[PDB]
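Chemist:
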Amino acid sequence: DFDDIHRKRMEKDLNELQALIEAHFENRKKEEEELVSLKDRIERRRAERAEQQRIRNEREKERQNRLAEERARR
Amino acid sequence: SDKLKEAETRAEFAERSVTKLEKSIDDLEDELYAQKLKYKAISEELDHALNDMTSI
Amino acid sequence: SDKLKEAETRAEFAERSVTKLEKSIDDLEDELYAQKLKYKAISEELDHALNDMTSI
Numbered sequence: 086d087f088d089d090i091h092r093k094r095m096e097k098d099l100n101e102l103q104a105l106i107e108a109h110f111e112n113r114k115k116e117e118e119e120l121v122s123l124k125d126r127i128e129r130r131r132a133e134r135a136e137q138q139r140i141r142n143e144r145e146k147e148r149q150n151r152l153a154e155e156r157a158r159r
Numbered sequence: 229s230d231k232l233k234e235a236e237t238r239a240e241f242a243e244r245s246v247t248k249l250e251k252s253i254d255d256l257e258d259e260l261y262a263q264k265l266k267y268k269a270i271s272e273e274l275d276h277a278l279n280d281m282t283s284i
Numbered sequence: 229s230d231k232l233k234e235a236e237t238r239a240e241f242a243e244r245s246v247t248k249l250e251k252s253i254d255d256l257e258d259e260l261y262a263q264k265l266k267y268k269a270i271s272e273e274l275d276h277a278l279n280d281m282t283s284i
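Protein chains in written order, with PDB author numbering: chain J, 86 to 159; chain L, 229 to 284; chain K, 229 to 284.
(1) Alpha carbon to alpha carbon, how far is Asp258/K from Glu259/L?
(2) State yes or no: is the C-beta of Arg131/J within less than 7 Å of the C-beta of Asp254/L?
(3) Cβ closer than 8 Å: which chain L residues qualify as neighbours of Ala242/K?
(4) Look at the alpha carbon of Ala262/L and the alpha carbon of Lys124/J, and state the distance between them as a whole number of angstroms.
(5) In the DSSP assignment, find the unbroken alpha helix (DSSP H) run with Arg148/J in it and report its ends.
(6) Determine the contact status of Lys231/L and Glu117/J, defining contact as a CB-CB distance below 7 Å.
(7) Assess, as a yes-or-no matter, whether the segment 102–113 of chain J is touched by the segment 141–152 of chain J under the definition of 3 or more beta carbon pairs within less than 8 Å.
(8) Please decide whether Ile253/K counts as near chain L, where near means a Cβ-Cβ distance under 7 Å.
(9) Please determine if the segment 236–246 of chain K and the segment 231–251 of chain L are in contact, where contact requires at least 3 C-beta pairs separated by less than 8 Å.
(10) At a CB-CB cut-off below 8 Å, which residues of chain L make contact with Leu265/K?
(11) So what does DSSP say about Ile284/L, is it helix, strand or coil?
(12) When you compare the CB of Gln103/J with every CB in chain L, is at least one pair closer than 7 Å?
(13) Compare the C-beta of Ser271/L against all C-beta atoms of chain J and say whether one is closer than 7 Å.
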């Protein structure tokens with residue numbers, strides 16, 4: 086009947102809608118994976134900046150202390 | 229002498245400032261990632277809900 | 229003169245570093261705040277959904 090075709094129509098509506106729902110699920114999921122990898126390389130960047138900054142500061146403090154002891158000796 | 233004293237002093241201020249900036253940058257980035265991961269966990273909660281909704 | 233040249237160059241490099249770090253911080257701040265507003269909005273619409281469920 087009209088109820089039958091209406092039921093089939095809302096049925097295929099539910100089907101296409103859940104299909105697109107799972108689809109954008111997958112899409113946003115890939116995007117979240119990409120963003121997680123971004124965060125991971127970000128923390129890699131944090132660690133590398135930290136170590137290189139610390140190396141720079143080590144050399145700087147070495148220099149400053151050497152100059153300071155030279156001053157104190159003079 | 230005045231010039232180089234000035235330059236070294238302001239450079240030291242610059243180094244301390246930039247290191248503070250780097251700590252700030254890392255804290256902000258890590259907090260951003262934590263919040264984004266919480267959001268994606270919420271998104272996968274919603275995606276499990278959508279898989280249920282696949283009932284339609 | 230030699231010490232002055234080296235100090236000035238070191239200073240300028242550090243200064244440009246400072247500016248670039250500030251810009252990066254600003255951009256990451258804008259994105260993180262946008263994410264924060266997104267999260268608040270998603271939670272609020274979630275609660276509205278919960279209250280809609282309460283209604284029906």
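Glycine included, C-beta positions come from ideal geometry on N, C-alpha and C.
Modeler: Walking through what the data contain:
(1) 14 Å
(2) yes
(3) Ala239, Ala242, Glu243 and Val246
(4) 9 Å
(5) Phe87 to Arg158
(6) no
(7) no
(8) yes
(9) Yes, the segment 236–246 of chain K touches the segment 231–251 of chain L.
(10) Here the premise fails: no neighbours, minimum Cβ distance about 11 Å.
(11) Coil.
(12) With 7 Å as the cut-off, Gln103/J counts as an interface residue toward chain L.
(13) yes
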